[PDB]
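Undergrad: Input protein_34.tsv, format and content: TSV, C-alpha atoms.
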```tsv
chain	number	residue	atom	x	y	z
A	1	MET	CA	-0.39	13.43	-23.96
A	2	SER	CA	3.14	12.04	-23.91
A	3	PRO	CA	3.51	11.35	-20.12
A	4	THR	CA	-0.19	10.77	-19.45
A	5	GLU	CA	-1.42	8.75	-22.44
A	6	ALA	CA	1.63	6.57	-22.98
A	7	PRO	CA	0.79	2.93	-22.23
A	8	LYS	CA	3.83	2.50	-19.97
A	9	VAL	CA	2.30	5.00	-17.52
A	10	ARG	CA	-1.15	3.36	-17.66
A	11	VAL	CA	0.05	-0.22	-17.17
A	12	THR	CA	1.59	1.14	-13.97
A	13	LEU	CA	-1.46	3.18	-13.01
A	14	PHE	CA	-3.71	0.16	-13.49
A	15	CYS	CA	-1.28	-1.86	-11.40
A	16	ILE	CA	-1.81	0.64	-8.53
A	17	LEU	CA	-5.53	-0.04	-9.01
A	18	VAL	CA	-4.76	-3.63	-7.94
A	19	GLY	CA	-2.70	-2.55	-4.93
A	20	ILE	CA	-5.24	0.04	-3.90
A	21	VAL	CA	-7.66	-2.82	-3.15
A	22	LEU	CA	-5.23	-5.48	-1.90
A	23	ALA	CA	-4.06	-3.04	0.76
A	24	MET	CA	-7.77	-2.56	1.39
A	25	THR	CA	-8.17	-6.35	1.55
A	26	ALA	CA	-5.61	-6.41	4.35
A	27	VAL	CA	-6.91	-3.41	6.29
A	28	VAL	CA	-10.29	-5.05	6.87
A	29	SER	CA	-9.42	-8.76	7.07
A	30	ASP	CA	-7.95	-9.92	10.37
A	31	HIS	CA	-6.23	-13.14	9.34
A	32	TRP	CA	-2.48	-12.45	9.35
A	33	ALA	CA	-1.64	-14.40	12.48
A	34	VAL	CA	-2.50	-17.72	14.12
A	35	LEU	CA	-2.34	-18.20	17.86
A	36	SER	CA	-1.83	-21.94	18.31
A	37	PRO	CA	-1.66	-23.08	21.98
A	38	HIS	CA	-3.57	-26.39	21.89
A	39	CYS	CA	-9.27	-24.62	21.81
A	40	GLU	CA	-7.85	-21.10	22.01
A	41	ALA	CA	-6.85	-20.47	18.37
A	42	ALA	CA	-6.90	-16.72	17.74
A	43	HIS	CA	-6.50	-14.76	14.50
A	44	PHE	CA	-5.00	-11.31	14.85
A	45	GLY	CA	-5.45	-8.17	12.78
A	46	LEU	CA	-5.67	-4.45	13.35
A	47	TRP	CA	-9.22	-3.90	14.52
A	48	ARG	CA	-10.65	-7.22	15.71
A	49	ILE	CA	-9.22	-10.16	17.65
A	50	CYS	CA	-11.21	-13.34	17.24
A	51	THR	CA	-10.67	-16.68	19.03
A	52	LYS	CA	-12.15	-19.71	17.28
A	53	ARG	CA	-12.48	-23.24	18.68
A	54	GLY	CA	-19.95	-22.08	16.38
A	55	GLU	CA	-18.09	-20.09	19.01
A	56	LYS	CA	-16.95	-17.15	16.88
A	57	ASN	CA	-16.06	-14.46	19.46
A	58	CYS	CA	-14.65	-11.43	17.65
A	59	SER	CA	-13.68	-8.37	19.72
A	60	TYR	CA	-10.99	-5.72	20.20
A	61	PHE	CA	-8.24	-5.39	22.81
A	62	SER	CA	-2.27	-3.53	17.83
A	63	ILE	CA	-2.99	0.16	18.39
A	64	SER	CA	0.26	1.24	16.74
A	65	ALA	CA	-0.48	-0.66	13.53
A	66	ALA	CA	-4.07	0.58	13.49
A	67	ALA	CA	-3.01	4.20	13.95
A	68	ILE	CA	-0.24	3.78	11.37
A	69	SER	CA	-2.68	2.30	8.87
A	70	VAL	CA	-4.96	5.29	9.06
A	71	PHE	CA	-2.14	7.07	7.26
A	72	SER	CA	-1.54	4.26	4.80
A	73	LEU	CA	-5.22	4.30	3.79
A	74	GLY	CA	-5.63	8.09	3.89
A	75	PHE	CA	-2.47	8.89	1.99
A	76	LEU	CA	-3.61	6.55	-0.77
A	77	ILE	CA	-6.96	8.29	-0.90
A	78	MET	CA	-5.26	11.69	-1.17
A	79	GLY	CA	-2.90	10.38	-3.83
A	80	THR	CA	-5.83	9.30	-5.94
A	81	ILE	CA	-7.21	12.87	-5.94
A	82	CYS	CA	-3.97	14.07	-7.47
A	83	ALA	CA	-3.96	11.13	-9.89
A	84	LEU	CA	-7.62	11.24	-10.92
A	85	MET	CA	-7.38	14.95	-11.64
A	86	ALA	CA	-4.13	14.69	-13.58
A	87	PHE	CA	-5.67	12.80	-16.50
A	88	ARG	CA	-7.79	15.78	-17.44
A	89	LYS	CA	-7.24	19.43	-18.41
A	90	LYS	CA	-3.81	18.68	-19.88
A	91	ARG	CA	-1.83	18.78	-16.63
A	92	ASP	CA	0.81	16.13	-16.04
A	93	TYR	CA	2.95	17.91	-13.48
A	94	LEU	CA	0.20	17.07	-11.00
A	95	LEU	CA	0.91	13.39	-11.34
A	96	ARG	CA	4.33	13.90	-9.77
A	97	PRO	CA	2.79	14.20	-6.29
A	98	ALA	CA	0.44	11.28	-6.98
A	99	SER	CA	3.47	9.06	-7.24
A	100	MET	CA	4.74	10.43	-3.95
A	101	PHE	CA	1.75	9.37	-1.94
A	102	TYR	CA	1.85	5.88	-3.33
A	103	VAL	CA	5.38	5.40	-2.08
A	104	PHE	CA	4.28	6.73	1.24
A	105	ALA	CA	1.18	4.60	1.27
A	106	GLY	CA	3.54	1.79	0.44
A	107	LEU	CA	5.87	2.52	3.32
A	108	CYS	CA	3.08	3.13	5.81
A	109	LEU	CA	2.02	-0.48	5.45
A	110	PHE	CA	5.60	-1.61	5.96
A	111	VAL	CA	5.61	0.05	9.36
A	112	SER	CA	2.24	-1.61	9.92
A	113	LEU	CA	3.71	-4.96	8.89
A	114	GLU	CA	6.58	-4.52	11.34
A	115	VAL	CA	4.17	-3.32	14.03
A	116	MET	CA	1.98	-6.41	13.68
A	117	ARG	CA	4.98	-8.76	13.85
A	118	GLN	CA	5.92	-7.51	17.33
A	119	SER	CA	2.45	-8.32	18.65
A	120	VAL	CA	2.72	-11.94	17.54
A	121	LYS	CA	6.33	-12.14	18.74
A	122	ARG	CA	5.50	-10.97	22.27
A	123	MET	CA	2.56	-13.37	22.51
A	124	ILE	CA	1.58	-20.97	21.16
A	125	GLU	CA	2.96	-20.40	17.64
A	126	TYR	CA	2.66	-18.08	14.64
A	127	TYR	CA	1.49	-18.49	11.05
A	128	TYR	CA	0.18	-15.99	8.50
A	129	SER	CA	-1.86	-17.08	5.51
A	130	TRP	CA	-4.47	-14.67	4.20
A	131	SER	CA	-3.58	-11.04	4.97
A	132	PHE	CA	0.11	-10.67	5.71
A	133	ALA	CA	1.07	-11.98	2.29
A	134	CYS	CA	-1.79	-9.88	0.98
A	135	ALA	CA	-0.31	-6.70	2.42
A	136	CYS	CA	3.20	-7.88	1.61
A	137	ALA	CA	1.92	-8.00	-1.97
A	138	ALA	CA	0.36	-4.54	-1.62
A	139	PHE	CA	3.44	-3.10	0.00
A	140	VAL	CA	5.60	-4.37	-2.88
A	141	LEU	CA	2.99	-3.22	-5.33
A	142	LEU	CA	2.50	0.31	-3.95
A	143	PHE	CA	6.13	0.81	-3.02
A	144	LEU	CA	7.33	-0.19	-6.48
A	145	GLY	CA	4.43	0.98	-8.54
A	146	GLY	CA	5.11	4.35	-6.99
A	147	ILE	CA	8.82	4.63	-7.70
A	148	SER	CA	8.36	3.39	-11.23
A	149	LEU	CA	5.48	5.82	-11.85
A	150	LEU	CA	7.83	8.50	-10.57
A	151	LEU	CA	10.54	7.65	-13.07
A	152	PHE	CA	7.88	7.17	-15.77
A	153	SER	CA	6.79	10.77	-15.15
A	154	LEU	CA	10.02	12.59	-14.36
A	155	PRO	CA	11.30	13.65	-17.82
A	156	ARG	CA	14.47	11.57	-18.50
A	157	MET	CA	18.11	11.63	-17.71
A	158	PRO	CA	19.23	14.26	-20.20
A	159	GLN	CA	21.47	12.00	-22.38
A	160	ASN	CA	22.90	14.87	-24.47
A	161	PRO	CA	24.92	17.96	-23.61
A	162	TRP	CA	22.27	20.30	-25.05
A	163	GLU	CA	19.21	18.95	-23.16
A	164	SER	CA	18.02	20.00	-19.70
A	165	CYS	CA	15.35	18.74	-17.27
A	166	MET	CA	12.14	20.73	-17.34
A	167	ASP	CA	13.10	21.30	-20.98
A	168	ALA	CA	10.43	23.07	-22.99
A	169	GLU	CA	7.34	21.01	-24.00
```
Take the structure in the file and write it out as structure tokens.

TA:
Amino acid sequence: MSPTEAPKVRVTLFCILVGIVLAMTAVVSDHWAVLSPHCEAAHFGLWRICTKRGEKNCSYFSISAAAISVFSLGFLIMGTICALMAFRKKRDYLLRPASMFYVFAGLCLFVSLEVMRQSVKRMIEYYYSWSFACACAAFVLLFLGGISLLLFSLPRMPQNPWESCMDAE
């Protein structure tokens, strides 16, 4: 009850509940780039590429980011299964891996972010408004709500000569 029902571990776990959906806001919305030739204004994403002058023509062609963000979504889903099952049956050891997959799901958007930047750099201007700063707020959420959940579930630095990690109870 001490590492799983403390409020400092549930403020963090509710914070991941924000970043679980903001990284889902990014992975469906294709709004994190603006092609601006000057009409051929196109808005890039992972899955659909839509050129807007209504003449809303959304289609596909980017593959790297898409493939990389199967792992960012999937890892998060797997992480939840460790985290949803670690609040019951008095097991708290289980949470330790749940904090691993949220760092990974954090860092598998950050490849995605870097992968999407190259596409806009190789292809007329660039501007991101709606879903780069979404995912750069779900990167920084999942990457840092994962490391803090880790240190809020690893026991403590021992602080005394007698104490040891994995110390009884």

Undergrad: From the list A:130, A:110, A:143, A:75, which residue is nearest residue 16 (chain A) when using only C-alpha atoms?

TA: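 Counting only C-alpha atoms, the residue closest to residue 16 (chain A) is A:143.
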
Undergrad: Would you pick out the contacts of residue 25 (chain A) at 12 Å or less, using all atoms listed in the file, so that residues sharing its chain but fewer than 6 positions from it are not included, and give the list as an NGL selection string?

TA: :A and (18-19 or 31-32 or 45 or 73 or 130-138)

Undergrad: With all atoms listed in the file as the basis for distance, which of A:118, A:86, A:125, A:7 is at the shortest distance from residue 36 (chain A)?

TA: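 Nearest candidate to residue 36 (chain A) out of A:118, A:86, A:125, A:7: A:125.
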
Undergrad: Calculated over all atoms listed in the file, which of the candidates A:166, A:124, A:70, A:17 has the smallest distance to residue 41 (chain A)?

TA: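 When distances to residue 41 (chain A) are compared using all atoms listed in the file, the smallest one comes from A:124.
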
Undergrad: Using only C-alpha atoms, which residues sit within 10 Å of residue 69 (chain A) once same-chain residues fewer than 6 positions away are excluded, as a list in words?

TA: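 The contact residues come out as residues 23, 27, 46, 63, 75, 105, 108, 109, 110, 111, 112 and 113 of chain A.
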
Undergrad: Any chance you can output those residues with C-alpha atoms as a PDB file, in the coordinates of the input?

TA:
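Output below, filename out.pdb:
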```pdb
ATOM      1  CA  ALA A  23      -4.060  -3.040   0.760  1.00  0.00           C
ATOM      2  CA  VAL A  27      -6.910  -3.410   6.290  1.00  0.00           C
ATOM      3  CA  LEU A  46      -5.670  -4.450  13.350  1.00  0.00           C
ATOM      4  CA  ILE A  63      -2.990   0.160  18.390  1.00  0.00           C
ATOM      5  CA  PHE A  75      -2.470   8.890   1.990  1.00  0.00           C
ATOM      6  CA  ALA A 105       1.180   4.600   1.270  1.00  0.00           C
ATOM      7  CA  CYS A 108       3.080   3.130   5.810  1.00  0.00           C
ATOM      8  CA  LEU A 109       2.020  -0.480   5.450  1.00  0.00           C
ATOM      9  CA  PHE A 110       5.600  -1.610   5.960  1.00  0.00           C
ATOM     10  CA  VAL A 111       5.610   0.050   9.360  1.00  0.00           C
ATOM     11  CA  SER A 112       2.240  -1.610   9.920  1.00  0.00           C
ATOM     12  CA  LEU A 113       3.710  -4.960   8.890  1.00  0.00           C
TER      13      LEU A 113
END
```

Undergrad: Could you produce a table of the residues of region 55-139 of chain A lying within 12 Å of region 155-160 of chain A, with the nearest pair of atoms per residue and their separation in Å rounded to one decimal, using only C-alpha atoms, ordered by chain and increasing residue number, as CSV?

TA:
```
residue,atom,partner,partner_atom,distance
A:92,CA,A:155,CA,10.9
A:93,CA,A:155,CA,10.3
A:96,CA,A:155,CA,10.7
```

Undergrad: Using only C-alpha atoms, what does the table of region 108-154 of chain A residues within 9 Å of region 100-104 of chain A look like, with each row giving the shortest atom pair and its distance in Å to one decimal, sorted by chain and ascending number, as CSV?

TA:
```
residue,atom,partner,partner_atom,distance
A:108,CA,A:104,CA,5.9
A:109,CA,A:104,CA,8.6
A:139,CA,A:103,CA,9.0
A:142,CA,A:102,CA,5.6
A:143,CA,A:103,CA,4.7
A:144,CA,A:103,CA,7.4
A:145,CA,A:102,CA,7.6
A:146,CA,A:103,CA,5.0
A:147,CA,A:103,CA,6.6
A:150,CA,A:100,CA,7.6
```

Undergrad: What does the distance between CA of residue 97 (chain A) and CA of residue 83 (chain A) come to in Å, to one decimal place?

TA: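 Pair CA of residue 97 (chain A) / CA of residue 83 (chain A) returns 8.2 Å.
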
Undergrad: Counting all atoms listed in the file, write as an mmCIF file with C-alpha atoms, in the frame of the given file all protein and nucleic acid residues lying at most 12 Å from (-7.8, -11.6, 18.2) in the file's frame.

TA:
```cif
data_model
loop_
_atom_site.group_PDB
_atom_site.id
_atom_site.type_symbol
_atom_site.label_atom_id
_atom_site.label_comp_id
_atom_site.auth_asym_id
_atom_site.auth_seq_id
_atom_site.Cartn_x
_atom_site.Cartn_y
_atom_site.Cartn_z
ATOM 1 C CA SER A 29 -9.420 -8.760 7.070
ATOM 2 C CA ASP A 30 -7.950 -9.920 10.370
ATOM 3 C CA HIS A 31 -6.230 -13.140 9.340
ATOM 4 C CA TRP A 32 -2.480 -12.450 9.350
ATOM 5 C CA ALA A 33 -1.640 -14.400 12.480
ATOM 6 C CA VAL A 34 -2.500 -17.720 14.120
ATOM 7 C CA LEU A 35 -2.340 -18.200 17.860
ATOM 8 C CA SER A 36 -1.830 -21.940 18.310
ATOM 9 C CA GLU A 40 -7.850 -21.100 22.010
ATOM 10 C CA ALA A 41 -6.850 -20.470 18.370
ATOM 11 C CA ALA A 42 -6.900 -16.720 17.740
ATOM 12 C CA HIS A 43 -6.500 -14.760 14.500
ATOM 13 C CA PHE A 44 -5.000 -11.310 14.850
ATOM 14 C CA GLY A 45 -5.450 -8.170 12.780
ATOM 15 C CA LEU A 46 -5.670 -4.450 13.350
ATOM 16 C CA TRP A 47 -9.220 -3.900 14.520
ATOM 17 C CA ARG A 48 -10.650 -7.220 15.710
ATOM 18 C CA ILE A 49 -9.220 -10.160 17.650
ATOM 19 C CA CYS A 50 -11.210 -13.340 17.240
ATOM 20 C CA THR A 51 -10.670 -16.680 19.030
ATOM 21 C CA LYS A 52 -12.150 -19.710 17.280
ATOM 22 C CA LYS A 56 -16.950 -17.150 16.880
ATOM 23 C CA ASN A 57 -16.060 -14.460 19.460
ATOM 24 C CA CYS A 58 -14.650 -11.430 17.650
ATOM 25 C CA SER A 59 -13.680 -8.370 19.720
ATOM 26 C CA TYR A 60 -10.990 -5.720 20.200
ATOM 27 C CA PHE A 61 -8.240 -5.390 22.810
ATOM 28 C CA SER A 62 -2.270 -3.530 17.830
ATOM 29 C CA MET A 116 1.980 -6.410 13.680
ATOM 30 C CA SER A 119 2.450 -8.320 18.650
ATOM 31 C CA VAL A 120 2.720 -11.940 17.540
ATOM 32 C CA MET A 123 2.560 -13.370 22.510
#
```

Undergrad: Check the smallest atom-to-atom distance from each of A:28, A:66, A:20, A:39 to residue 80 (chain A) using only C-alpha atoms, then report the winner.

TA: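 That would be A:20, the residue with the smallest distance to residue 80 (chain A).
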
Undergrad: Would you mind reading off the distance between CA of residue 71 (chain A) and CA of residue 106 (chain A), one decimal, in Å?

TA: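 Computed distance, CA of residue 71 (chain A) to CA of residue 106 (chain A), equals 10.3 Å.
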
Undergrad: Using all atoms listed in the file, which of the listed residues (A:81, A:165, A:98, A:107) sits closest to residue 68 (chain A)?

TA: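 Selected residue with least distance to residue 68 (chain A): A:107.
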
Undergrad: Would you please work out which residue, of A:76, A:121, A:3, A:53, is nearest to residue 154 (chain A) when using all atoms listed in the file?

TA: A:3

Undergrad: Between CA of residue 99 (chain A) and CA of residue 5 (chain A), what is the distance, to one decimal in Å?

TA: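 That distance, rounded to one decimal, is 16.0 Å.
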